[PDB]
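The block underneath contains the structure these notes are about, expressed in structure tokens.
Both backbone and side-chain heavy atoms feed into the values below; hydrogens, waters and symmetry mates do not. Throughout, numbering of the chain's residues begins at 1 and tracks the sequence. Order of appearance sets the numbers: ligands from 1, and atoms from 1 within every ligand.
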Amino acid sequence: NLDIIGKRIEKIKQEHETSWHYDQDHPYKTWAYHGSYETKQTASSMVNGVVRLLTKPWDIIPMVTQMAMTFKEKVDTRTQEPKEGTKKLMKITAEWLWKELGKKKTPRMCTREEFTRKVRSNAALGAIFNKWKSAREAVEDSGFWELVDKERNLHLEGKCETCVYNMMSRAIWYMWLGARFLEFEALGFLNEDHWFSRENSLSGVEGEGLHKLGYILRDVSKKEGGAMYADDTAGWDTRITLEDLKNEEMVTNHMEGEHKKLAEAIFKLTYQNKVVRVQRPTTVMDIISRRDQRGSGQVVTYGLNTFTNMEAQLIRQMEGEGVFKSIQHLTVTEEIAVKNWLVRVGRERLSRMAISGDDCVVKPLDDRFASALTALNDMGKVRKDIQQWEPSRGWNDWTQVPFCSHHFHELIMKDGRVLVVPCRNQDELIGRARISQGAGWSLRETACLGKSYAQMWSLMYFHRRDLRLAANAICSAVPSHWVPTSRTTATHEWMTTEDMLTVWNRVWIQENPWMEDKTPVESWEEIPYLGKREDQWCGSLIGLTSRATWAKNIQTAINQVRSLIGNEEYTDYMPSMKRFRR
Ligand SMILES: O=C1CCN(c2ccccn2)CC1
Ligand SMILES: [Zn+2]
Ligand SMILES: [Zn+2]
């Protein structure tokens, strides 16, 4: 308690000594409250005019238009302590899993240079604005690194002064750039050295790319076993127990020297003890603390969520296979039974899964898994949108399974070769491409963001008639040499000024390990679409009068946007499509 968090609390108390008051009408029940102080401030979603002017038919579709308009009673709930049997299963599995992930990898510190390079090419390091303007300026100033140095030596001494979260089914925990650096230095290796790649972790998909995920799910489907299960957890980050954070910290058992001490301090001082500041309109700032739940940088959050989800799903697989009888207590005989299962079949059981943070697909040995719920519920990983003891419903066809907000189609090229393509309802894709975040967008910056969406559609969603057409229109409307941009940056192969047919060939043919015949495609007309009825099922407007008028008159829409941008060099990409090819 206050020995570890008191120093951070003390320091904030004094900077607002004028305003400090133990408010008696504080809304917190599960968060430990400390005090309040005076503040006054808040970032809505803005429309991308380039994408909207080239998608006119969607101006009258509420599922698109409503996306641009506009639970903290889940952060303030509690999780119960797991039973002794559950605690044993988790400790044994976590010990085994860190060793497997560690066999071909070496834990190491990430560098100031690595951190600096990340800030100098816009990575979302969930930092706050103050003594320097942006992250880019702090990183160039030697005074910043001296503050970093002070905190760093405090961590080596087992104490913390400035690593405090700022809060804002979503929740982001911004920290000052310094606290973020010390997290990256100690635990960045998990992401930087690809500990959750599929090659290294067998279940993971880190670095895989949306063009690989369907092929990975089809490979899982080829295993003998039962249905494919894809159960979503209700509020995963809020269900991370103190036992989970202790099993995650066991990665430090694999470290040495300074690194070991710096990592032990991140886990002890910032993860297993948290200090948070939250805006309340009654506008004050509340200083609250708690020991459990996930509150880390988004990239460390992804790797540890993947770790703890792999652990939870192996234990659910053990329960289905009858490796243990009850979560109340494991016998030392069962303990040897659990380790032996892991040693003999653990790697095979990991390969039956695709796990992306809180998102999983599992093809178990048989359907006993569906009703194997005692460990999953007792670990706190309660399933969304199903009663606690109702058996999971599985998917009989890998093309139906949801994963990473997509489903996947098997698409046969005119030449016989097989593509496995990503897909989701087309209203979601169009509605997201019509939105920007933040202020001060020039017309050129807005155009270059529209071009990023268009080139993503050409590479990932070429099989959707409306998106191939709208992608060609946007790329025709934006100057040919203008570089696609994002402010917030899987593999993003569409982020390039290379010809999109050349990139398509590289991604789907040359580098595709599921494609034996490497014969290049010579034109976009060789690249297939879904069936027309399937395209409509997944939200196409093909068949509507509004869509036919848009497609027929597309050069008029392209010319409207070119006239706004002005006298620039443009390319016509529409004749890459059969219907505009004379
Ligand atoms: O190779 C192995 C997989 C099967 N396993 C067990 C152990 C107890 C109960 C069910 N299966 C033994 C080890
Ligand atoms: Zn600290
Ligand atoms: Zn689809």
Enter the distance from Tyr174:OH to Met167:CE here, rounded to the nearest 0.5 Å. 12.5 Å

Under-4.0 Å salt bridge between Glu183 and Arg180: yes

Are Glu10 and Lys7 within salt-bridge range, i.e. N to O under 4.0 Å? no

Where the Zn ion (ligand 3) is the centre, what is the SG-to-NE2 angle for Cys538 and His409, rounded to 10°? 110°

Just to confirm my numbers, could you give the angle made at the Zn ion (ligand 3) by SG of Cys423 and NE2 of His407, rounded to 10°? 110°

With rounding to 10 degrees, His155 NE2, the Zn ion (ligand 2) and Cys160 SG define an angle of 120°

Would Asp466 and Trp550 count as having a side-chain donor-acceptor pair, cut-off 3.5 Å? no

Residue pair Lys91 / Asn247, side-chain donor-acceptor N/O under 3.5 Å: yes

Do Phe144 and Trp176 have ring centres separated by under 6.0 Å? yes

What about the rings of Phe181 and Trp145, do their centers lie closer together than 6.0 Å? yes

Non-hydrogen atom of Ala337 closer than 4.0 Å to ligand 1: no

Atom 6 (C) of ligand 1 [closest protein heavy-atom partner, distance rounded to 0.1 Å]: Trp341 CD1, 3.8 Å

Do me a favour and list the nearest non-hydrogen protein atom to atom 8 (C) of ligand 1 with residue, atom name and distance? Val323 CA, 4.0 Å

N/O/S atom of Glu151 under 2.8 Å from the Zn ion (ligand 2), yes or no? yes

Could you tell me which atoms of ligand 1, counted from 1 in the order shown, lie closer than 4.0 angstrom to a heavy atom of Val345? 1 (O), 2 (C), 3 (C)

One finds that the ligand 1 atoms under 4.0 Å from a non-hydrogen atom of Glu321 are 10 (C)

